[PDB]
Structures are given as C-alpha cells and as structure tokens.
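Below sits a lone chain in structure tokens, taken as the form deposited in one PDB entry.
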C-alpha cells in the first residue's frame, strides 16, 4: 500500500488518511510543501532562462554564418531543436503546473506534455549517439571508399526522430502509458506501476536495453575507437607539435563528452540497481525521479559542451552577439 491508484495516475502517497486527491484535480501538498513546489518552479525557470537562449542562439548564428552549415553540423542543430522541445514541451508546462501544485491540464494534456517532453529528450539522446557514429565514420574510416555528405547527414537526423518516436509514441497507443510522475506536475513514461493492461514491464525492459544500454555501448565504442585512431596517427608524427596538441585536445574533449554522458546515465543505473536489489520497499515522489530531475539540466550543459566549446560556433556567436564586430 505504498500509493493511491486511480484511472490514469499513481500518486506516491498512502490514502489511509483520506487526503489524497487526483493529480488532475487538486494540489498535491501531501507529497511536498508548497515552497518545494515553488523550488520546483524556480528550477524550471533557471532551465528556461539558460536553455532557451543557448539553444536558440545556436539556431540563430547558423543562419548568419555560412561556415556552420556543414553536414557534420546538422546533428548539432537537431540537438538544439530537441532541447527546445524539452524547454517548451516540458520545462515551461511544468513551471505552470508546479505553481498550481498539480497537473491542471488533465489527462489529455498529460499525453501531450508527456509525448513532447519525452520526444525532446529522446531526440537529444540519439543525437549524441548519431554524432558519435558520424565522427567515428569520418575519422576511423571503417568503410573503404566512403565520403560523408549531405544525404548521410540527413539520414542521421531522420534516424533520431525514428528512435525518439519508437520511445515516445507507443505509450499513446497501448504499450506503457503517460501518467504524472514524482510531484505529479510533469507527465512521463510509467516506470512506477506494473500496469498489465499496457504491458509496462516489457516496455521498461525495452527502454533499458534499446534506449539506455545501446546508447552507452555505441558512444563508448565509437569514441574509444576514435581516440585509438587519433593516438596511433599522432604516434607516427611525433615531431609535429601541432599534431600532438591536436591529439591532446581531441582526447580531452572525448573524455569531457563521455564523462558528461555518464553524469546523466549513471543515476538511472544507480536507481536501477536499487530496484534489482531493495525491491520490497516503497519509493517516495523523488526516488526514480532523481535521475529525471537532474537529466533535465542536459538541455543546458549539452549545447555548452558540443556547440559552445566548438571553436567555430563560439567565434560565430561572439560576432553575432556583438552586432557584427569582434
């Protein structure tokens, strides 16, 4: 008796005192104090205020700077758009519901806000995967006579939308479901409930393997094989000081990317390990929602790492911000 079940929701609080209400109808202040809902709102405001300009400025400077519109950069524009789906489909909605203390848009808004928030983060995820595959193909040259062009870059972008739809869409048609999560102001995939009518179990396994394990293996193989290729080539040109400098910065950048991906990936595995073991107990409105809580920040630090630290974009954006000068 950990929570209160209802049609289209699961509140992580016991109704033995009769105070639980539908997360679609009334504030959930038994889950958390009003000021904690405010701090949830303040966190969404921070994400909006950092995440909109950075990701929008990424799209804007690409319009103003011809050098950025290369095919290898398409997937980074895709990342920028995905983060904007997170900012507007997710963070902005959640700022609004947060300040009511429940999901005021009803179950219909739940499927909508759950779709677009989930799609956004899933496109971002697979953009980091596709970018690693592309960099691996361009550097390690696994295919004999191959040249990466506009057509290949478009396939990569389309591929992320297919993978994101492969996660975000089934809950609208009967495999898993969208429900309010945590403090009941955002909607998402149901990992909290063994809903047999929508076969929640097999979807969690499908998510764990296809949308969690596979991304880690591809990112690690590709980038590891790339660092290996760059390090062997540098080893054969050791008197080229710039080749050595270029080798160090590629390695340093792969480490930053992979570490930043683990900062978002390991919390889910940490919580996962707390459900493989420690299966019996109940989970508060914060337990499985801690990884989701902190993964939202990827809408800010991913463009900082992949776009803002890109030597090209950085100078482009400085010129754009500075009305053309410097």
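Numbering follows the first chain given and starts at 1.
A.B. asks: On average, are the C-alpha B-factors higher in 143 to 151 or in 130 to 138?
C.D. replies: It is 143 to 151.
A.B. asks: Got a sec? Mean C-alpha B-factor, which is higher, 79 to 87 or 198 to 206?
C.D. replies: Higher mean C-alpha B-factor in the PDB entry: 198 to 206.
A.B. asks: Which has the highest CA B-factor per the PDB entry: 55, 28, 64, 298?
C.D. replies: Largest recorded C-alpha B-factor: 64.
A.B. asks: For the C-alpha B-factor as written in the entry, point me to the maximum among 32, 292, 262, 50.
C.D. replies: Among 32, 292, 262, 50, the PDB entry lists the largest C-alpha B-factor for 262.
A.B. asks: Would you mind ranking residue 45 by its C-alpha B-factor against the rest of the chain and naming the third, lowest, middle or highest?
C.D. replies: CA B-factor rank for residue 45: lowest third.
A.B. asks: Can you work out whether the C-alpha temperature factor of residue 9 puts it in the lowest, middle or highest third of the chain?
C.D. replies: It belongs to the middle third of the chain when residues are ordered by C-alpha B-factor.
A.B. asks: For residue 192, return the chain-relative third of its C-alpha B-factor as stated in the PDB record: lowest, middle or highest.
C.D. replies: Its C-alpha B-factor belongs to the highest third of this chain's values.
A.B. asks: By its CA B factor, does residue 247 count among the lowest, middle or highest third of the modelled residues in the chain?
C.D. replies: Residue 247: CA B-factor falls in the highest third of its chain.
A.B. asks: Comparing against every modelled residue in the chain, figure out the third that the C-alpha B-factor of residue 241 lands in (lowest, middle or highest).
C.D. replies: Within its chain, residue 241 is a highest-third residue by C-alpha B-factor, going by the deposited values.
This next part talks about the form solved in complex with a partner chain, which is not shown.
A.B. asks: Is residue 138 close enough to the partner chain in the deposited complex to count, meaning some heavy atom within 4.5 Å?
C.D. replies: Taking the distances in the deposited complex, the answer for residue 138 is yes, it comes within 4.5 Å of the partner chain.
A.B. asks: May I ask you to state whether residue 250 is within 4.5 Å of the partner chain in the deposited complex, using heavy atom distances?
C.D. replies: It does: once the partner chain is placed as it appears in the deposited complex, residue 250 has a heavy atom within 4.5 Å of it.
A.B. asks: Would residue 72 show up as a contact with the partner chain in the deposited complex if we use heavy atoms at 4.5 Å?
C.D. replies: Yes, residue 72 sits close enough to the partner chain in the deposited complex that at least one of its heavy atoms falls within 4.5 Å.
A.B. asks: Counting only non-hydrogen atoms and a 4.5 angstroms cut-off, does residue 311 reach the partner chain in the deposited complex?
C.D. replies: The answer is yes: residue 311 has a heavy atom within 4.5 Å of the partner chain.
A.B. asks: Within 4.5 Å, heavy atoms only, one stretch in 79 to 87, 118 to 126, 184 to 192, 224 to 232 touches the partner chain in the deposited complex. Which?
C.D. replies: Checking each option against the 4.5 Å cut-off leaves 224 to 232.
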